[PDB]
Undergrad: 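My questions will all concern the structure given below.
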Amino acid sequence: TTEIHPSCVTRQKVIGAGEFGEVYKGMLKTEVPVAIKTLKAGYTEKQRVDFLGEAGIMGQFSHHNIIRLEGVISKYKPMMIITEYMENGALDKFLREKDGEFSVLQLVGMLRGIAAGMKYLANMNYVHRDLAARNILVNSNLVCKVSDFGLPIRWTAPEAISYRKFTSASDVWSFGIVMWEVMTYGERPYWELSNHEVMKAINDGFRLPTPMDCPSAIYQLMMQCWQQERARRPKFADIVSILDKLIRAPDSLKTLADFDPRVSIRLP
Ligand SMILES: Cc1ccc(C(=O)Nc2cccc(Cl)c2)cc1Nc1nc(-c2cccnc2)nc2c1cnn2C
């Protein structure tokens, strides 16, 4: 893993919490903005194993749609994981703050990138387990980078909830939820339904309705991510292929799925 000397790192502002430390925005020299997760004094053996194991896995990833590791500080305390910094932040907050500001093609392009990152992870035998818009970072080119900030019933496939079966096919279910989050500009999946109500609805066959202004092809694809039978879901290769063909022939996205009105306004 690229070892960074502590003299090259300056922590500026706290931006989150780690499992045994804080997460900071800072600068890296040898300047470049970075995010920094620390492992403070007193960490346990298991925490050190997990922290350095995470750095080791991240160092193996080299893909346009996966967060990039700048390096690690393991020879000095506190230990640190240092990544590139993504100015637009997490995707869920980004879309909620930019409601209605993007074209359908831009939104579908974000999904194509997330799917490409997930295809890479699945091919590398890495099961994400927490794919959601809150774990996807956005850069100033609108490129989405799959990440994992730590701790999701509403995003999780039935088999993963029921018997802890987490696979790339349960990640596909989660990706379908992410597609819905993107197309709705960050709407909470299932709205005010409780966790138990969500699972009951899913087991009874109900699924999230189409977002407003949503291409028919995109809704059909998210629906197939939500098949109860894990083996019937698309693989990420299938998802990337479909999204790539839709974007290439963008008139395909002009056909919209019918939106079910919740409110009726009658005027002359
Ligand atoms: C420092 C750090 C460490 C690990 C990760 C991370 O994504 N790890 C990870 C672990 C397993 C699989 C994958 Cl795909 C990623 C990300 C980051 N970078 C971050 N960047 C950012 C961030 C925030 C705003 C703008 N740019 C980056 N926020 C982070 C984090 C971590 N937590 N939080 C809250």
Side-chain angles (χ1 to χ4, degrees), residues 1 4 9 11-28 32-40 43 46-73 78-98 110-111 113-118 120-122 124 126-140 142-157 160 166 168 170-171 173-175 177-182 186 188-189:
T1 297
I4 292 171
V9 180
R11 286 173 277 166
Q12 288 160 319
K13 188 192 204 175
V14 171
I15 67 173
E19 293 177 350
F20 206 84
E22 284 65 37
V23 184
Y24 302 80
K25 190 257 165 182
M27 299 302 305
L28 174 67
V32 155
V34 291
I36 303 154
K37 177 155 70 158
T38 60
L39 194 66
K40 297 311 150 68
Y43 59 82
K46 175 156 129 198
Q47 288 169 337
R48 179 259 296 161
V49 169
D50 287 342
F51 187 85
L52 297 186
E54 171 179 13
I57 290 163
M58 296 177 67
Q60 301 300 111
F61 296 153
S62 184
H63 189 277
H64 184 237
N65 298 104
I66 303 297
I67 192 56
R68 185 177 54 85
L69 180 70
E70 298 282 348
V72 70
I73 299 185
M79 299 197 298
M80 297 186 181
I81 291 170
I82 301 167
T83 73
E84 59 180 333
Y85 188 75
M86 308 271 300
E87 293 177 350
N88 286 316
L91 175 63
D92 64 329
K93 195 169 193 292
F94 177 78
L95 287 184
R96 291 170 194 153
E97 297 176 356
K98 304 285 152 77
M110 298 174 195
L111 293 174
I114 297 162
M118 291 304 306
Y120 177 78
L121 293 177
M124 300 288 278
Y126 185 79
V127 179
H128 189 291
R129 303 178 175 242
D130 195 22
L131 177 60
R134 73 178 152 282
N135 274 324
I136 297 162
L137 289 167
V138 185
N139 75 9
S140 57
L142 214 58
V143 176
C144 290
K145 309 232 182 213
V146 179
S147 310
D148 184 350
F149 304 143
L151 283 199
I153 293 298
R154 279 158 219 269
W155 282 265
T156 300
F166 285 87
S168 300
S170 57
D171 283 347
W173 182 289
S174 305
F175 180 77
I177 305 293
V178 174
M179 296 175 67
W180 192 91
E181 291 186 279
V182 167
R188 177 162 177 79

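These values consider heavy atoms only, across backbone and side chains, with no hydrogens, waters or symmetry-generated copies. Residue numbers start at 1 and run along the sequence shown.
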Undergrad: Apply side chain to side chain contact (heavy atoms under 4.5 Å, CB included) to the pair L142 and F94, showing each step before the final yes or no.
TA: CA-CA 10 Å; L142 214 58; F94 177 78; 3.7 Å; yes
Undergrad: Answer yes when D92 and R96 have at least one side-chain N-carboxylate O distance shorter than 4.0 Å, and no when they do not.
TA: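 Yes, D92 and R96 are salt-bridged.
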Undergrad: Rounded to the nearest 0.5 Å, what separation is found between the CG atom of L95 and the NZ atom of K93?
TA: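 Nearest 0.5 Å value for the CG-NZ distance: 12.0 Å.
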Undergrad: Return yes if some donor-acceptor pair links the side-chain N/O of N65 with the main-chain N/O of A116 below 3.5 Å, else return no.
TA: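 A pair under 3.5 Å: no.
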Undergrad: Between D171 (side chain) and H128 (backbone), is there a donor-acceptor pair under 3.5 Å?
TA: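 Yes; judged by distance alone, with no hydrogens or angles, the pair exists.
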Undergrad: Using a 4.5 Å cut-off on heavy atoms from C-beta on, say whether the side chain of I4 contacts that of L28.
TA: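 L28 reaches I4 side chain to side chain.
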Undergrad: To the nearest 0.5 Å, what is the distance between CD1 on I114 and NZ on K145?
TA: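 Taking CD1 in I114 and NZ in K145, the distance rounds to 12.0 Å.
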Undergrad: Go through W173 and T156 one step at a time and tell me if the side chain to side chain contact (heavy atoms under 4.5 Å, CB included) criterion holds.
TA: CA-CA 7 Å; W173 182 289; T156 300; 6.0 Å; no
Undergrad: For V23 and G18, work out which heavy atoms get closest and say how close.
TA: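 Where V23 meets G18 most closely, the heavy atoms are CG2-N, 4.0 Å.
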Undergrad: Does any N or O in the side chain of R154 come within less than 3.5 Å of the main-chain N or O of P189, such that one atom is a donor and the other an acceptor?
TA: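 Between the backbone of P189 and the side chain of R154 there is a qualifying donor-acceptor contact (under 3.5 Å).
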Undergrad: Taking C-beta and beyond as the side chain, do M80 and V9 meet within less than 4.5 Å on heavy atoms?
TA: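 Result yes, sub-4.5 Å side-chain heavy-atom pair found.
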Undergrad: Before you tell me yes or no, could you show the steps for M58 and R68 under side chain to side chain contact (heavy atoms under 4.5 Å, CB included), namely the whole-Å CA-CA distance, both residues' side-chain angles and the distance that decides it to 0.1 Å?
TA: CA-CA 7 Å; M58 296 177 67; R68 185 177 54 85; over 6 Å; no
Undergrad: Rounded to the nearest 0.5 Å, what's the gap from OG1 on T83 to CG on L137? Could you check?
TA: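 Rounded to the nearest 0.5 Å, the OG1-CG separation comes out at 7.5 Å.
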Undergrad: With sequence neighbours left out, what residues match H63 under ring-ring contact (aromatic ring centres under 6.0 Å, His included)?
TA: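 For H63 the ring-ring contact (aromatic ring centres under 6.0 Å, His included) partners, ignoring immediate neighbours, are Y120.
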Undergrad: Between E181 (side chain only) and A133 (backbone N and O only), is there a donor and an acceptor less than 3.5 Å apart?
TA: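 Yes; at least one donor-acceptor contact below 3.5 Å.
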Undergrad: Between OG of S147 and CD1 of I67, what distance do you get to the nearest 0.5 Å?
TA: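 It comes to 4.5 Å.
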Undergrad: About how many Å separate OG1 of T38 and OH of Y43, when rounded to the nearest 0.5 Å?
TA: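 One gets 11.5 Å once the value is rounded to the nearest 0.5 Å.
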Undergrad: Between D130 and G150, which heavy-atom pair has the shortest distance, and what is it?
TA: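 The answer is OD2-O, 3.8 Å.
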Undergrad: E87 side chain to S140 main-chain N or O, any donor-acceptor pair under 3.5 Å?
TA: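 Answer holds: no.
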Undergrad: Going by heavy atoms in the side chains, are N88 and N139 under 4.5 Å from each other?
TA: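 They are not in side-chain contact.
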Undergrad: Are side-chain heavy atoms of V146 and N135 found at a separation under 4.5 Å?
TA: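 They are not in side-chain contact.
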Undergrad: Could you tell me whether the side chain of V34 reaches within less than 4.5 Å of the side chain of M27, counting heavy atoms only?
TA: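 In short, these two side chains do not touch, never coming nearer than 4.5 Å.
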Undergrad: Do you know the tightest heavy-atom contact between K37 and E54?
TA: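 Shortest heavy-atom separation between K37 and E54 comes out as NZ-OE1, 2.7 Å.
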Undergrad: What distance do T1 atom OG1 and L69 atom CG have between them, rounded to the nearest 0.5 Å?
TA: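 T1 atom OG1 to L69 atom CG measures 6.5 Å (nearest 0.5 Å).
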Undergrad: For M118 and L121, run side chain to side chain contact (heavy atoms under 4.5 Å, CB included): C-alpha distance rounded to whole Å, both residues' side-chain angles, the deciding distance at 0.1 Å, then the answer.
TA: CA-CA 5 Å; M118 291 304 306; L121 293 177; 4.0 Å; yes
Undergrad: With a cut-off of under 6.0 Å to the ring centre and 45° to the axis, is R129 in cation-pi contact with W155?
TA: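 Here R129 fails the 6.0 Å and 45° test against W155.
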Undergrad: Which residue pairs pass the side-chain hydrogen bond (donor to acceptor under 3.5 Å, both in side chains) test with at least one member in residues 11-25, sequence neighbours excluded?
TA: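 For residues 11-25, and leaving out neighbouring residues, the side-chain hydrogen bond (donor to acceptor under 3.5 Å, both in side chains) pairs sorted by first residue read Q12-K25, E22-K40, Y24-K40.
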